[PDB]
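Student: Protein chains in written order, with the deposited numbering: chain A, 4 to 126; chain B, 848 to 896; chain C, 359 to 409; chain D, 2 to 424; chain E, 417 to 594; chain F, 180 to 184, 202 to 238; chain G, 257 to 307; chain H, 201 to 250. Handing you a structure now.
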Amino acid sequence: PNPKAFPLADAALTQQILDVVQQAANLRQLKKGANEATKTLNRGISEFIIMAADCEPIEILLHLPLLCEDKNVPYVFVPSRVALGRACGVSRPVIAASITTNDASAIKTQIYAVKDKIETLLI
Amino acid sequence: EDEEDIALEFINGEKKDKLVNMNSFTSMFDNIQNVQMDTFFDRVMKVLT
Amino acid sequence: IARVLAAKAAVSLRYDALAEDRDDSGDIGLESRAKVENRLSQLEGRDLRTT
Amino acid sequence: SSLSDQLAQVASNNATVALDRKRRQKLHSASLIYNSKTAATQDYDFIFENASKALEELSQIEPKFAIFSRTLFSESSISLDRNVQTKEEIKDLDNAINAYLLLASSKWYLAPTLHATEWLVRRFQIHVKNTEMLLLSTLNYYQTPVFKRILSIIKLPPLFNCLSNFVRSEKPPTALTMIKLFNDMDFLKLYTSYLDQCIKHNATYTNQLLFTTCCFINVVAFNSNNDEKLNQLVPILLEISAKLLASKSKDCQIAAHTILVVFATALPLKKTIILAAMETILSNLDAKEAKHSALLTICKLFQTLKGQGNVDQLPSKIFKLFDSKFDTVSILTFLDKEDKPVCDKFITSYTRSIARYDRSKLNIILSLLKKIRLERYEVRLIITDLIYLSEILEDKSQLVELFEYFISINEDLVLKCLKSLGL
Amino acid sequence: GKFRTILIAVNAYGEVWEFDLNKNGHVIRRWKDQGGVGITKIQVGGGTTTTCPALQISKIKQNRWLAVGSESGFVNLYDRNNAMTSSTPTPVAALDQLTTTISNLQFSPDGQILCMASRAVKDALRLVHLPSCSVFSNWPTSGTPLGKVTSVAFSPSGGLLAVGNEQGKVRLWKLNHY
Amino acid sequence: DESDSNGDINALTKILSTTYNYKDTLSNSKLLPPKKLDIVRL
Amino acid sequence: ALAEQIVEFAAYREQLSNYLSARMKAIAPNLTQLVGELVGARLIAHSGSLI
Amino acid sequence: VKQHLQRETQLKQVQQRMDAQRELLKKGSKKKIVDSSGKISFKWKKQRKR
Numbered sequence: 004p005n006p007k008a009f010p011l012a013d014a015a016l017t018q019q020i021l022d023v024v025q026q027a028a029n030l031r032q033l034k035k036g037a038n039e040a041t042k043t044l045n046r047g048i049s050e051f052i053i054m055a056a057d058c059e060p061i062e063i064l065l066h067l068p069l070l071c072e073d074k075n076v077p078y079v080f081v082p083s084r085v086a087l088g089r090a091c092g093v094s095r096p097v098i099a100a101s102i103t104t105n106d107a108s109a110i111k112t113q114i115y116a117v118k119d120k121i122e123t124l125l126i
Numbered sequence: 848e849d850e851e852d853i854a855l856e857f858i859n860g861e862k863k864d865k866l867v868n869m870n871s872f873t874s875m876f877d878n879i880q881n882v883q884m885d886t887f888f889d890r891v892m893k894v895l896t
Numbered sequence: 359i360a361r362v363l364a365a366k367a368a369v370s371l372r373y374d375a376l377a378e379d380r381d382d383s384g385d386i387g388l389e390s391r392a393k394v395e396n397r398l399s400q401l402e403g404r405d406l407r408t409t
Numbered sequence: 002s003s004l005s006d007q008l009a010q011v012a013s014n015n016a017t018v019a020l021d022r023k024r025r026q027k028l029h030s031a032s033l034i035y036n037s038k039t040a041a042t043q044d045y046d047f048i049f050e051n052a053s054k055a056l057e058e059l060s061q062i063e064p065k066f067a068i069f070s071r072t073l074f075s076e077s078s079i080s081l082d083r084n085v086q087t088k089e090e091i092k093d094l095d096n097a098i099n100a101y102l103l104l105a106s107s108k109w110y111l112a113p114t115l116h117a118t119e120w121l122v123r124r125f126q127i128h129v130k131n132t133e134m135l136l137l138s139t140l141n142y143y144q145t146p147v148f149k150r151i152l153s154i155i156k157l158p159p160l161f162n163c164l165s166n167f168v169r170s171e172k173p174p175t176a177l178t179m180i181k182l183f184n185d186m187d188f189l190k191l192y193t194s195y196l197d198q199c200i201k202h203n204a205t206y207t208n209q210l211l212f213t214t215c216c217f218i219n220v221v222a223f224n225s226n227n228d229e230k231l232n233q234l235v236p237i238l239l240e241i242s243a244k245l246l247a248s249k250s251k252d253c254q255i256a257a258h259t260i261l262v263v264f265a266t267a268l269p270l271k272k273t274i275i276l277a278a279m280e281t282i283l284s285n286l287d288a289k290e291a292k293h294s295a296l297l298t299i300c301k302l303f304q305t306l307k308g309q310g311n312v313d314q315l316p317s318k319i320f321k322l323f324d325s326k327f328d329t330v331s332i333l334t335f336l337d338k339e340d341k342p343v344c345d346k347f348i349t350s351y352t353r354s355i356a357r358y359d360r361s362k363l364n365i366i367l368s369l370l371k372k373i374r375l376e377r378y379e380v381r382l383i384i385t386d387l388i389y390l391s392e393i394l395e396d397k398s399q400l401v402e403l404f405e406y407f408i409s410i411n412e413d414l415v416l417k418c419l420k421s422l423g424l
Numbered sequence: 417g418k419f420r421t422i423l424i425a426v427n428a429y430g431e432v433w434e435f436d437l438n439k440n441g442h443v444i445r446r447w448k449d450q451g452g453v454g455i456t457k458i459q460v461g462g463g464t465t466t467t468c469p470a471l472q473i474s475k476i477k478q479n480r481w482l483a484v485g486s487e488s489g490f491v492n493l494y495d496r497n498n499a500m501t502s503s504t505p506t507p508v509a510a511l512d513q514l515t516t517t518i519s520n521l522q523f524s525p526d527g528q529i530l531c532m533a534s535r536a537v538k539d540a541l542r543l544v545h546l547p548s549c550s551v552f553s554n555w556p557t558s559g560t561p562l563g564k565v566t567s568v569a570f571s572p573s574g575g576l577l578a579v580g581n582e583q584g585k586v587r588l589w590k591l592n593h594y
Numbered sequence: 180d181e182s183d184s202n203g204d205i206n207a208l209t210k211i212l213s214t215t216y217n218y219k220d221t222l223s224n225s226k227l228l229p230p231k232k233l234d235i236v237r238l
Numbered sequence: 257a258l259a260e261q262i263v264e265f266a267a268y269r270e271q272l273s274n275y276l277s278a279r280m281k282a283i284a285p286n287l288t289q290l291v292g293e294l295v296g297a298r299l300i301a302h303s304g305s306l307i
Numbered sequence: 201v202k203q204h205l206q207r208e209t210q211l212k213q214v215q216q217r218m219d220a221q222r223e224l225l226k227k228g229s230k231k232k233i234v235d236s237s238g239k240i241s242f243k244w245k246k247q248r249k250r
């Protein structure tokens with residue numbers, strides 16, 4: 004695990020995050036991939052960013068925390084990109100994904116719970 | 848021991864492998880140009896393993 | 359090919375402008391170039407019109 | 002059948018006879034180098050001057066061609082015609098054209114071949130009369146502007162329809178076109194005959210032998226499903242594999258090796274057929290490169306066969322042959338290789354053959370078992386062979402030594418096979 | 417006269433625990449399934465199990481394969497020798513053919529076919545040849561009357577396969593090699 | 180022109213001439229071959 | 257004298273481009289190795305900062 | 201500045217509605233669920249896109 008990928012969730016928080024990811028993709032609220040995630044930071048709608056830790060080289064996703072610091076978005080590394088792709092719903096390894104916003108979804112409460120625990124972990 | 852144990856010894860013992868699907872050798876055509884014969888043969892053996 | 363090239367160029371750039379301890383050998387360029395090359399051979403092998 | 006269709010086949014018969022001044026400019030303006038108008042303005046005497054010069058250049062490069070200066074490139078060959086000659090005479094002219102195309106298939110990146118074969122194109126109409134030998138000769142250059150030219154002139158026979166689509170185009174034919182040419186079958190019969198003739202007159206080279214290899218590989222890959230297609234494509238590739246082995250060029254032998262390997266890992270062949278594969282391979286093996294390749298191949302074939310009779314002895318003759326061709330130190334450094342191909346089945350077949358046919362190199366046996374990590378049933382078979390050997394022979398020191406090696410590894414299997422036979 | 421039984425339990429995040437039962441249930445080990453975000457169904461095979469059981473103590477054989485099946489649809493497949501040795505191992509093969517949540521995993525009693533099936537949409541049985549980890553391509557076909565497969569069994573001796581769906585009808589095949 | 184009259205060279209071609217169905221089936225193969233299943237509905 | 261001055265601009269341009277290729281090889285050798293250093297430098301020129 | 205802000209929020213909503221429709225067009229096995237309030241919504245089947 005690189006010391007590159009600093010704020011790293013553990014087992015418990017990782018499960019909760021990938022649970023919200025699964026729900027969000029079933030409702031189609033999820034943006035998959037790092038280019039797509041940078042786009043939605045730029046448009047300024049995204050709820051928060053979930054990144055992998057073991058995409059090697061790490062830097063190709065390391066371009067995201069500078070945007071998240073600039074724009075104040077919460078962001079979390081989780082340990083395995085195989086798992087992130089499976090929890091996300093595609094057939095591929097996905098190294099970053101991004102929960103986008105629709106204020107009257109049926110998962111607004113669960114998103115907020117996770118986003119609040121992330122922001123504690125950063126802060 | 849037993850005959851059925853012997854046949855399970857067969858079945859357990861033999862190890863996994865790669866099959867020849869219909870798509871393995873197609874980049875051989877674009878690597879074929881002037882490379883020498885044995886080098887081609889060893890790239891083939893790599894595809895098989 | 360301009361899509362595949364732009365994506366692999368973004369990988370190459372991000373490895374370059376952010377990896378603070380770079381070995382200067384350009385190996386990520388060489389790897390991804392081999393990937394784009396192989397794509398080009400696959401596309402140009404495909405024949406749109408009947409045999 | 003219709004009057005139209007019978008007339009069509011008449012015109013195909015008399016396809017090269019200039020009956021008119023218009024038709025004669027059509028025929029005469031098809032040419033390999035020039036464009037249409039220039040080619041149709043010039044005449045046989047000029048084209049022959051250019052051709053004789055080029056054949057002198059090719060005779061400098063390769064000295065077989067003086068015979069063609071004696072017999073197809075003379076002033077008499079200015080004079081001769083192709084349509085005014087009885088069938089025996091035409092057959093001989095096609096023998097000479099076929100032998101020329103062989104003995105300069107290998108130089109087709111050369112302007113002298115372009116010029117000389119252009120005289121053959123125009124005076125003798127090879128692009129109409131014997132096109133199949135034209136295309137099978139110059140086939141593997143399938144990107145060089147020369148093959149694009151040859152397609153542009155030729156009229157495609159009934160077995161080359163894939164290119165019939167690609168003819169007269171700025172893009173070249175592509176690899177998947179070549180694979181689909183070969184994936185039809187009667188073409189594989191045709192090409193095999195061309196390679197037999199090529200081998201027997203000894204004009205092969207790495208470029209085209211690579212190409213034929215890559216196409217026979219790819220045919221087996223696409224047919225890897227339809228087991229009836231595979232089973233019906235066995236005799237043709239295995240005929241080529243035998244003849245291409247029986248040659249004496251190390252390039253031929255490496256090509257035959259790679260064909261055998263791909264074909265046996267795509268289809269499960271019978272034990273007797275893998276045995277005869279080994280027999281031919283070894284019995285004409287000489288060179289260093291082929292020795293290394295052949296070793297890898299035989300290991301891979303024996304790994305493929307699986308069933309009963311899985312791990313038996315080689316027969317006496319094949320074993321002795323293998324020993325002549327391969328030293329035990331050679332197989333030992335092969336087992337000392339870093340990469341270590343999976344070769345357990347051949348190793349234990351070899352070991353059982355040693356302990357049943359030589360009964361001396363048991364120190365070598367312990368060396369081999371130290372080197373490689375066999376499997377449980379191979380252990381069982383080897384240990385039982387040694388048990389029988391002990392009960393037929395004096396309890397020798399090396400036989401003991403093997404036994405305490407197994408005692409070091411798996412006392413319990415020694416006990417189990419002992420319960421099978423003994424105490 | 418001696419065996420030893422081990423109990424393997426899969427967390428729905430993927431963390432396998434292996435207790436042993438002979439001495440009181442004490443954790444031999446734990447290792448993580450690589451990948452594996454939501455796991456349903458673990459099963460071992462290749463030896464003696466609750467699906468092909470023993471008939472005298474001499475016949476108990478240790479299982480060679482382990483399979484773990486997720487509710488995305490993937491199924492990771494490990495070798496027991498190497499997974500036990502390394503204690504955070506790599507799946508030998510990762511199969512994704514089905515697209516809904518794996519709800520049955522059975523090995524064949526001699527351990528050469530893995531049938532992975534899904535409760536969730538129609539005609540979702542695939543039979544996998546092991547060790548080469550390659551799906552058999554010609555049965556089940558388009559017309560195989562399967563329906564939403566809810567349970568599967570493999571016969572101990574005759575080589576029979578018996579599948580049962582939601583309409584309530586079991587259908588029965590014979591793998592003719594046996 | 181033609182009559183019938202260490203290890204040889206002709207052997208692969210000769211046994212190909214002899215045998216007619218070259219997939220080994222008859223051998224009680226003990227191992228279930230890959231990618232083509234053999235299954236009968238009861 | 258004008259014609260020799262023309263020759264000197266040609267030589268100067270070749271020198272500048274060789275300088276630039278080596279310099280891009282120093283700064284972003286991955287992207288250089290992928291897309292070619294002229295177009296790489298033009299990318300950097302347009303968007304400004306490498307970052 | 202305030203009027204700019206309301207223009208932006210309204211365009212945001214129009215793009216929300218349009219984006220939901222585009223993805224109804226795409227694929228999948230949808231389900232049309234109906235809320236209490238009158239608002240409808242769609243919920244896709246649990247399946248992996250291949």
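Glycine included, every Cβ here is placed at the ideal spot set by N, Cα and C.
If we ignore side chains and look at the alpha-carbon of each, how far apart do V484 of chain E and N203 of chain D end up?
Tutor: Spanning the two alpha carbons is a distance of roughly 59 angstroms.
Student: State buried or exposed for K371 of chain D, treating a residue as buried only when at least 16 other CB atoms are found within 10 Å of its CB.
Tutor: Classification of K371 of chain D: exposed, given that the 10 Å Cβ count is below 16.
Student: Taking all protein chains shown into account, do 16 or more other C-beta atoms lie within 10 angstroms of the C-beta of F9 of chain A, making it buried, or fewer, making it exposed?
Tutor: With fewer than 16 other Cβ atoms within 10 Å, it is exposed.
Student: Would you report the Cα separation of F435 of chain E and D396 of chain D, rounded to the nearest angstrom?
Tutor: Each residue's alpha carbon lies about 49 angstroms from the other.
Student: For a quick check, are the C-beta atoms of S49 of chain A and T41 of chain A less than 7 angstroms apart?
Tutor: No, the Cβ-Cβ distance between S49 of chain A and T41 of chain A is not below 7 angstroms.
Student: Do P236 of chain D and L222 of chain F come within 7 angstroms of each other at the CB atom, strictly closer than that value?
Tutor: In this structure, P236 of chain D does not lie closer than 7 angstroms to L222 of chain F by Cβ.
Student: At a Cβ threshold of 7 angstroms, is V97 of chain A touching chain H?
Tutor: Answer no: the Cβ-Cβ gap between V97 of chain A and chain H never drops below 7 angstroms.
Student: Taking the alpha carbon of residue 473 of chain D as the point to measure from, which residue in D:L137, D:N141, D:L102 has its own alpha carbon closest?
Tutor: One cannot answer for residue 473 of chain D here, as it falls past the ends of chain D, which runs 2 to 424.
Student: Could you pull the start and end residues of the alpha helix (DSSP H) that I455 of chain E belongs to?
Tutor: Taken as a continuous stretch (DSSP letters only), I455 of chain E belongs to no alpha helix (DSSP H), being part of the beta strand (DSSP E) at 455-461.
Student: Check whether the region 157-167 of chain D and the region 235-254 of chain D are in contact - that is, three or more C-beta pairs closer than 8 angstroms.
Tutor: Not touching, per the Cβ criterion.
Student: Under 7 angstroms Cβ-Cβ, which residues of chain D neighbour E848 of chain B?
Tutor: Here the neighbours are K417.
Student: Mind checking the region 229-257 of chain D against chain F and listing, in chain order, the residues whose C-beta falls within less than 9 angstroms of any C-beta there?
Tutor: From the region 229-257 of chain D, only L231, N232, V235, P236, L239, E240, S242, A243, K244, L246, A247 have a Cβ closer than 9 angstroms to chain F.
Student: Take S241 of chain H as the anchor and find which of H:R248, H:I233, H:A220 has the nearest alpha-carbon.
Tutor: Nearest C-alpha to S241 of chain H: H:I233.
Student: With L290 of chain G and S383 of chain C assumed to form a contact (beta carbons below 8 angstroms), what rounded beta-carbon distance in angstroms separates them?
Tutor: Wrong, their Cβ atoms sit about 14 angstroms apart, outside the cutoff.
Student: Round the Cβ separation of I235 of chain F and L591 of chain E to the nearest angstrom and send it over; I've been treating them as touching at under 8 angstroms.
Tutor: Indeed, because the Cβ distance is near 5 angstroms, the residues count as touching under 8 angstroms.
Student: Please determine, among D:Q61, D:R377, D:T349, D:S391, the residue with the shortest C-alpha to C-alpha distance to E412 of chain D.
Tutor: Nearest option by C-alpha distance: D:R377.
Student: The alpha helix (DSSP H) that contains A257 of chain D, what's its start and end?
Tutor: 251-267 is the extent of the alpha helix (DSSP H) around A257 of chain D.
Student: From what residue to what residue does the alpha helix (DSSP H) around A9 of chain D run?
Tutor: Start and end: 4-14.
Student: Tell me, please, which residues DSSP counts as bridged to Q522 of chain E.
Tutor: In DSSP, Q522 of chain E forms a bridge with E:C531.
Student: How many Å lie between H204 of chain H and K74 of chain A at the Cα?
Tutor: One C-alpha to the other measures close to 20 angstroms.
Student: For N208 of chain D, which three-state DSSP category applies?
Tutor: In this structure, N208 of chain D counts as helix in the three-state DSSP scheme.
Student: Can you have a look at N224 of chain F and say buried or exposed, based on whether 16 or more other CB atoms are within 10 angstroms of its CB?
Tutor: Exposed.
Student: With DSSP collapsed to three states, give me the class of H593 of chain E.
Tutor: Coil, per DSSP.
Student: Determine the direct distance from the alpha carbon of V221 of chain D to that of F74 of chain D, and round the result to whole angstroms.
Tutor: Going from the Cα of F74 of chain D to the Cα of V221 of chain D covers about 43 angstroms.
Student: For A282 of chain G, report the span of its alpha helix (DSSP H) as first-last.
Tutor: Unbroken alpha helix (DSSP H) run through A282 of chain G: 258-283.
Student: What are the uninterrupted segments assigned as alpha helix (DSSP H) that are 4 or more residues long and contained completely in the region 303-382 of chain D, given in chain order?
Tutor: Within the region 303-382 of chain D, the complete alpha helix (DSSP H) runs of at least 4 residues are 317-326, 329-336, 345-358, 363-372.
Student: I need the boundaries of the beta strand (DSSP E) containing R446 of chain E, first residue and last residue.
Tutor: Looking at the DSSP string, the run of the beta strand (DSSP E) that includes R446 of chain E is 442-448.
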